[PDB]
Peer 1: 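Dropping the structure in here first, questions after.
Here is how names work: the chains are called A, B, and so on, in the same order as the sequence lines, proteins then strands, and each is numbered from 1.
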Amino acid sequence: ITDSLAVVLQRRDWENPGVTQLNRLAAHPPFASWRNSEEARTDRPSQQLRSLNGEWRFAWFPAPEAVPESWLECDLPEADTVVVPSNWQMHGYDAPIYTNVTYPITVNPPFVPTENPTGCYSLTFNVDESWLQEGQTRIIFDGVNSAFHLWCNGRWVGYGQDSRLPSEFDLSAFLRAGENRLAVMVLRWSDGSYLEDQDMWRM
Amino acid sequence: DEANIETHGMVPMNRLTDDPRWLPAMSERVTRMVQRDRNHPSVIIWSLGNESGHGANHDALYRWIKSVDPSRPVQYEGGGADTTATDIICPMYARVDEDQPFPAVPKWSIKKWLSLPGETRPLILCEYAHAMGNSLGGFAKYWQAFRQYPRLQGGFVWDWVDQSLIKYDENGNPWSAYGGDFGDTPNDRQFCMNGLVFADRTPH
Amino acid sequence: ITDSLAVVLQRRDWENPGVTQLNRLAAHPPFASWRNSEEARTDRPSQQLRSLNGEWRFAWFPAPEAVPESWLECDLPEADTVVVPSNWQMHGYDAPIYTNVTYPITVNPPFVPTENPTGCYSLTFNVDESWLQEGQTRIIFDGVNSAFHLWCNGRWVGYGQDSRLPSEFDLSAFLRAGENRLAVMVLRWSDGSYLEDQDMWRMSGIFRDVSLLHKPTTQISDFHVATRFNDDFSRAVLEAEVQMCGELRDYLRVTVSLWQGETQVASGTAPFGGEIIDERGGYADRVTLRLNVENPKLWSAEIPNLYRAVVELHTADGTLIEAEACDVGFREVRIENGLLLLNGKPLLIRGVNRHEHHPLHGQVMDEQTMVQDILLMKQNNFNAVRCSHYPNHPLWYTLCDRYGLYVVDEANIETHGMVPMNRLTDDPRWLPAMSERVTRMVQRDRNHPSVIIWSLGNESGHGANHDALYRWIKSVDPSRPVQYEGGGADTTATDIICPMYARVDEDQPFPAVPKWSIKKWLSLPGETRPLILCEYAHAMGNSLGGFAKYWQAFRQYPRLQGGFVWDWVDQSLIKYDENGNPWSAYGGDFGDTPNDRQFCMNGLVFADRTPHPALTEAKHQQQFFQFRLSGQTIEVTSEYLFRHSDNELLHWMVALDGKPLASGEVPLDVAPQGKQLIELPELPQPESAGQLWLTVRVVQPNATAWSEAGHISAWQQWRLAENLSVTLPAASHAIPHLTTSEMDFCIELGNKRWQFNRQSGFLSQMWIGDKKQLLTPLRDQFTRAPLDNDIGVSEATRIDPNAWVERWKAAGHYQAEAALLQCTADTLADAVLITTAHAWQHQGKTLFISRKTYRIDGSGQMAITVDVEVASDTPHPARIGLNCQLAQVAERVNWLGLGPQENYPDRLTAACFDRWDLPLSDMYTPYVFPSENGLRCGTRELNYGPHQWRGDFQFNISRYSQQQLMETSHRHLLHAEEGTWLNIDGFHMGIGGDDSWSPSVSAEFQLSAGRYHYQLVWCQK
Ligand SMILES: *[C@H]1O[C@H](CO)[C@H](O)[C@H](O)[C@H]1F
Ligand SMILES: *[C@H]1O[C@H](CO)[C@H](O)[C@H](O)[C@H]1F
Ligand SMILES: [Mg+2]
Ligand SMILES: [Mg+2]
Ligand SMILES: [Mg+2]
Ligand SMILES: [Mg+2]
Ligand code: NA
Ligand code: NA
Ligand code: NA
Ligand code: NA
């Protein structure tokens, strides 16, 4: 219930420079968690590290509000299957903008426009329970533009800003053995946007 | 390595950078970077960001890094390319011999810049020789100067690849698109194409 | 619904350093929103400003969760009516805690404990709708500890952290005409708590003012003032920067006027829009004016010259939108070439640290008190104060501005309990939080002239966050230097070397963060900064020993620019006994755990603002006039930088052993930093025997704003001469008669009789007539009821085997047994002679040996001679003297020696040698935590009752045995003993105070000679 959109979006974290993250872990150099020296030594691949890149389900909305509560629970009918990672403008969802100096949105920090292209990404996956027993399990987004909320198995997890750095969260307490489902709600505009006026395509 | 901060559209440019309220946000942007990348030998300079004027938040951040990672110098062009927040004079587009004396943030000929009273820093252009379209005229002037003045230690050309996107015609023919080609508004058109190479990595 | 607690508290903002506020407005100097220039100009009261202080409804809960949803809606049945502002522990809701270092809660940032005392405050009020129509209405909390949520008319509004700064919110959209209701939920613990580990009582609530402010939609959002001068201060520039909020229109104007009372000194008007600042342009919504001022009058703590500045936001036609104002001081603070200057001159800080504390109100402040403090300080020669360790109540600054005191503004950050101390300060994650704490302060206080230094906080180690912040300020406000002691007192984050408790000449070389002798500190290779101690001379209990050493050094070393004593007032609270009797309480007195006991009492004054004796020592060492005596000439030197001795009278006087022979008066005429010679009239050359002493005092004929007429501001005395007595006692027509029992010896002479017990070897009783005179036999004494300093602990937990007391105890000083080695009696031609020798031992060790002679003559005088030997290997004893309990009890006490206040060997410079007479009561110092006190040194003659003692000693006298004192923890528990207790010391150890958690008594003050000798004469009238 407090995991409810209605509730979560109430705060409008994306319109507050004071909130740039929620429950996001601390930063650090790259980890693999090898369990064998040699492997690490030779840069092999670590099994404690797993990619979630691939097909995912996507759905676009003109606004966060328009997102339907069910989304949390169940995938949409009208959802598409998409490759991650990617930029949604690249898939026809909306337009990429090429402005230099001038902000794409109206200048009224820390406010973002009411119509803010929301992208609901979801993904269902499996987890070895071995992981579920001992240790700690976190998820990592190397890059999400510009802002976003996150749920795991219906449960609200956290929030993050800054499109260029990684975001990490402890999933440890939301995971179930076997089948899990992530629901990431991503926003075009955020207060972070005011700090991202680079002369490039806005995606 | 450069922090993710550009407030270029603000007015004046440092509207936010000079505001405490934004300090935390900014802060995160620097700290985190550092935290993440500091072990790579290729990173040799830290940069606070780009075109965000010059504000106190900058000074504070500059300092922070200095304290945390003294192994690398810090640079930042905003607000004149020679502020208290930069270890290197890193202007963008300063001419070899001509001065461009804008108010508040003039761009001196780089040879002159070095000699200003009290100036002691090295100078490296953060941006030079705009490679847009049929360009790069005058490149050699720079090289020569760089070669003759010790304190002129080079620069970074702007920039590598054109920021063009592919589109298709009815015949499913691909073509290079730029600003406004997506009905995107507002837009700056070709301005996103300043590379030395074409998006496909084919050389100009 | 989303206004629902259930929902709101879901987030648990108070357990997230990332969230320090929600919907809180921006910081700024104080606004009133006057709508009339004159009013603003004269500081009248603005109607757009309304106080919500008063009766409010309160209810307490063990936890936030326990709060009931209805609360939002309706007041509770079980609610109480309470006064705001206040601290709820002060009303019995829960306990106040007195812990120093150790955090009250468990260390697990950013987590607070589950049981967290919640206080629900509510208030219903009315609003003129006029306000409701146009403009903007916000509310302001000057102080709420530690964190809180807020609702208005059922609607959730915002959240805030940092107990020491104001929180503002726009109410504009929640107000209804007429009846409104606020609901504030306040929490004890928050993540903010981790940044608030100050050594003080841990309290909570809405302890500072609550108010409402009505402002135009288009208003003045902020402004700053700055003064620049020529090389000689012959001319200045006032520069004001103003910012506006609202919508911008070309007919807008700004006017800034400067007033000197009735006089308008300067004015300037302009339209918004700044100079180009960068490639994008300037600030359209700001404007900066520059006013020229010729021969401005400077502000100083010596002479707080003020000006009034008015900022009017108006239209081009003349219509005023609103006004704001402030007092302005023309002064320049700068560090140049190792020195801290003010208006070009190098300062000498006579400072003190001060907390916002009231014995009754807890942490709630008021004008009345504030002023009191100020007055006192000023009267005691203080010129500066440090806001240990958070921004103070706003009024304070004004007062200081007006009265004249230099101030150090300090950010609200102490993480003392962390480990290592900089665990958080060195963490980026905490940077934002920290940041807010500094930025906001600055934003708020920067226009006050009294603030001359910014401080980043206290005892939080040294971390990068510090450096960053230091820098920030430097950039934003270059007008003042920044200091910070953490991490060694000399880091990159401080402009001044500001250690705490560094000794004058001794080094304390702790690892990583050694404390060098301050003279040495300056000379370290590459060091160039000035040094000012942020804390020195711990005033806990009977302390301040060694104060003068500091003063002297300060005076001799240029770069030593003073310090701040720690600290002003004891942090004691009042309690009541069953008889509804009030009494001073300290740590643990509320069952508070954990606690640091007396540790919260380190003031120069008692919570009621009653002075400790130490205060005087301070007053004297800090005097602004210095004297030198040469021949018949007195040299006077002024330590004023800016004023002339225009309210000064010098009274002098000569006395012989107390007998005044001549006195005079001379008006002072000295320039700041100048000398004045005073020629003395031929002095009297008494024949009589005794000591000739000269004494001078400085008086303020006329009253001042902080002093009464005839105030004494300085004094000094000198011994001119000595005429030794060569006379002899005339013959007695008789001589005492000795009688020997088996049990003792009896000396008789007239009505007089003396008895010495033969087994004890002591003078056991004596009679005058048929009246016994003693309840206790006269005997040697080598110890004292430990002083705070002797005990020396800073944490209840940690005991120092090196503490004096520890050593004394362990040595058996407190329990050694006397042993008669010998006792003899003999009859001389003119007297009777008694001889004794005792040994004090402990476990086979002989600690001391005492050898005496008593000689009674025909005149009925008893002369005593004492010679003591002390084992080289025993710890130096606290004292060497005698004691006894007299049967009698009298009203007054009269002596010829140093006085009149309590004075100790290492704390007696302020004392004067003269003849004093006081009531017995005054001979006792009611230190809350009791110990040895009331001593007076350099006494030659003492009178009590029919008795008289002569020699050269120190003594104390009261109704309490040392044992009682030593055994009672609170002043309120002592009770007078049967007669009068008298302690006569041939010698007494110093008291120390460089710090109170280590041995701080200088060697020159220890009883280390090994051999001591003293004599006395006892008689009656
Ligand atoms: C330097 O100039 C180029 C112009 O093409 C870009 O705008 C960069 O972002 C700027 F830093
Ligand atoms: C300096 O020392 C005193 C000791 O009584 C207090 O703990 C202050 O807070 C500290 F800064
Ligand atoms: Mg935000
Ligand atoms: Mg740009
Ligand atoms: Mg918080
Ligand atoms: Mg402390
Ligand atoms: Na070169
Ligand atoms: Na470009
Ligand atoms: Na000095
Ligand atoms: Na203390």
Peer 1: Spell out, as yes or no, whether a donor-acceptor pair under 3.5 Å connects the side chain of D567(C) to the backbone of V565(C).
Peer 2: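 A pair under 3.5 Å: no.
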
Peer 1: Output yes when a side-chain donor or acceptor of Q89(C) lies under 3.5 Å from a complementary backbone atom of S204(C), and no otherwise.
Peer 2: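 Flag set: sc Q89(C) to bb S204(C) pair under 3.5 Å.
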
Peer 1: Atom CG of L150(A) and atom OG of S167(A): how far apart are they, to the nearest 0.5 Å?
Peer 2: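 So the CG of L150(A) and the OG of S167(A) are separated by 10.0 Å.
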
Peer 1: Sequence neighbours excluded, which residues qualify as side-chain contact (heavy atoms from CB on, under 4.5 Å) partners of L524(C)?
Peer 2: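 Only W516(C), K520(C), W521(C), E527(C) meet the side-chain contact (heavy atoms from CB on, under 4.5 Å) criterion with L524(C).
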
Peer 1: Looking at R188(C) and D94(C), is there a salt bridge between them, counting it only when a charged N and a carboxylate O are closer than 4.0 Å?
Peer 2: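 Judged by the 4.0 Å cut-off on N to carboxylate O distance, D94(C) and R188(C) do form a salt bridge.
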
Peer 1: Relative to each other, are the rings of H389(C) and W566(C) parallel, tilted or perpendicular (30° and 60° limits)?
Peer 2: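 Aromatic pair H389(C)/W566(C) classed parallel.
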
Peer 1: At what distance, to the nearest 0.5 angstrom, does CD1 of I496(C) lie from CG of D490(C)?
Peer 2: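 Answer for the CD1-CG pair, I496(C) versus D490(C), is 13.0 Å.
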
Peer 1: So which of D191(A), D13(A), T20(A) actually passes side chain to side chain donor-acceptor pair (under 3.5 Å) with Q161(A)?
Peer 2: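 Checked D191(A), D13(A), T20(A) against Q161(A); only one passes side chain to side chain donor-acceptor pair (under 3.5 Å): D191(A).
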
Peer 1: To the nearest 0.5 Å, tell me how far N458(C) CG sits from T415(C) OG1.
Peer 2: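 Answer for the CG-OG1 pair, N458(C) versus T415(C), is 9.5 Å.
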
Peer 1: Look at the side chain of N57(B) and the backbone N and O of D19(B), then say whether any donor-acceptor pair between them is shorter than 3.5 Å.
Peer 2: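 A pair under 3.5 Å: yes.
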
Peer 1: Do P109(C) and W430(C) have side chains that approach each other closer than 4.5 Å (heavy atoms only, starting at C-beta)?
Peer 2: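 Heavy-atom side-chain distance check passes, below 4.5 Å.
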
Peer 1: Indicate yes or no for a side-chain donor-acceptor contact from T137(A) to the backbone of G135(A) under 3.5 Å, with no hydrogens or angles considered.
Peer 2: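 Side chain of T137(A) to backbone of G135(A): no pair is present.
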
Peer 1: Looking at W156(A), I'd like to know if the NZ or CZ of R11(C) sits under 6.0 Å from its six-membered ring centre while staying within 45 degrees of the ring's axis.
Peer 2: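 Yes; both conditions hold, so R11(C) lies above the ring face of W156(A).
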
Peer 1: So which of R471(C), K474(C), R529(C) actually passes salt bridge (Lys or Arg N to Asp or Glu O under 4.0 Å) with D495(C)?
Peer 2: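 Among the candidates, only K474(C) passes.
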
Peer 1: Would you mind listing every side chain to side chain donor-acceptor pair (under 3.5 Å) that reaches into residues 104-114 of chain C, with sequence neighbours excluded?
Peer 2: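 Not a single pair qualifies under side chain to side chain donor-acceptor pair (under 3.5 Å).
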
Peer 1: Consider side chain to side chain donor-acceptor pair (under 3.5 Å). Of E356(C), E196(C), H393(C), which one does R164(C) pass it with?
Peer 2: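 Exactly one option meets the side chain to side chain donor-acceptor pair (under 3.5 Å) with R164(C), and it is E356(C).
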
Peer 1: Kindly state each residue pair satisfying salt bridge (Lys or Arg N to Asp or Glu O under 4.0 Å) with at least one member in residues 106-118 of chain C, sequence neighbours excluded.
Peer 2: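 Not a single pair qualifies under salt bridge (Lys or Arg N to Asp or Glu O under 4.0 Å).
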
Peer 1: Would you say the side-chain atoms of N87(C) pair up with the backbone N or O of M203(C), donor to acceptor, closer than 3.5 Å?
Peer 2: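 No; zero donor-acceptor contacts below 3.5 Å.
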
Peer 1: Assess whether a salt bridge exists between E65(C) and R12(C), defined as any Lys/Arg side-chain N lying under 4.0 Å from an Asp/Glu carboxylate O.
Peer 2: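 So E65(C) pairs with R12(C) through a salt bridge.
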
Peer 1: Is there a donor-acceptor pair closer than 3.5 Å between any side-chain N or O of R503(C) and the backbone N or O of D994(C)?
Peer 2: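 The answer is no, because no donor-acceptor pair under 3.5 Å joins these two groups.
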
Peer 1: Taking the side chain as every heavy atom from C-beta outward, state whether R36(B) and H28(A) have any pair of such atoms under 4.5 Å apart.
Peer 2: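 Heavy-atom side-chain distance check fails, nothing below 4.5 Å.
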
Peer 1: Quick one: which of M418(C), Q198(C), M500(C) gives a side chain to side chain contact (heavy atoms under 4.5 Å, CB included) with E459(C)?
Peer 2: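 It is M500(C), the one option of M418(C), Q198(C), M500(C) that forms the side chain to side chain contact (heavy atoms under 4.5 Å, CB included) with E459(C).
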
Peer 1: For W997(C), which residues count as a ring-ring contact (aromatic ring centres under 6.0 Å, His included) partner, sequence neighbours excluded?
Peer 2: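 So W997(C) forms a ring-ring contact (aromatic ring centres under 6.0 Å, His included) with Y501(C), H538(C), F599(C).
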
Peer 1: With sequence neighbours left out, what residues match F169(A) under ring-ring contact (aromatic ring centres under 6.0 Å, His included)?
Peer 2: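 Per chain and number, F169(A) pairs via ring-ring contact (aromatic ring centres under 6.0 Å, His included) with no residue.
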
Peer 1: Donor-acceptor check, side chain of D409(C) to backbone of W454(C), threshold 3.5 angstrom: yes or no?
Peer 2: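 Not at all, since once roles are kept as given, no pair shorter than 3.5 Å links the two residues.
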
Peer 1: Okay, side chain of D592(C), backbone of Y98(C): is any donor-acceptor separation there less than 3.5 Å?
Peer 2: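 Pair found, side chain donor or acceptor close to backbone of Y98(C).
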
Peer 1: Give a yes or no answer on whether the side chain of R597(C) reaches the backbone of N595(C) with a donor-acceptor pair at less than 3.5 Å.
Peer 2: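 No, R597(C) side chain to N595(C) backbone: no donor-acceptor pair under 3.5 Å.
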
Peer 1: Give, for atom OH of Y484(C) and atom OG1 of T494(C), the distance between the pair rounded to the nearest 0.5 Å.
Peer 2: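 Spacing of OH (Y484(C)) from OG1 (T494(C)) equals 10.0 Å.
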
Peer 1: Quick one: ring-ring contact (aromatic ring centres under 6.0 Å, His included) partners of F141(C), sequence neighbours excluded?
Peer 2: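 Scan of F141(C) (ring-ring contact (aromatic ring centres under 6.0 Å, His included), adjacent residues dropped) gives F148(C).
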
Peer 1: Any salt bridge between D1(B) and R38(B), counting N to O under 4.0 Å?
Peer 2: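 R38(B) and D1(B): not salt-bridged.
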
Peer 1: So how far is it from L165(A) CG to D142(A) CG, rounded to the nearest 0.5 Å?
Peer 2: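 Going from CG on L165(A) over to CG on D142(A), the span is 9.5 Å.
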
Peer 1: Quick one: which of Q598(C), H355(C), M601(C) gives a side chain to side chain contact (heavy atoms under 4.5 Å, CB included) with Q571(C)?
Peer 2: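 By the side chain to side chain contact (heavy atoms under 4.5 Å, CB included) criterion, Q571(C) pairs with just one of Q598(C), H355(C), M601(C): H355(C).
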
Peer 1: Salt-bridged, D37(B) to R32(B), with N to O below 4.0 Å?
Peer 2: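 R32(B) and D37(B): not salt-bridged.
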
Peer 1: Between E535(C) and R386(C), does a salt bridge (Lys or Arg N to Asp or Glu O under 4.0 Å) hold up when you go through it step by step?
Peer 2: CA-CA 10 Å; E535(C) 279 151 87; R386(C) 169 177 184 222; 3.6 Å; yes

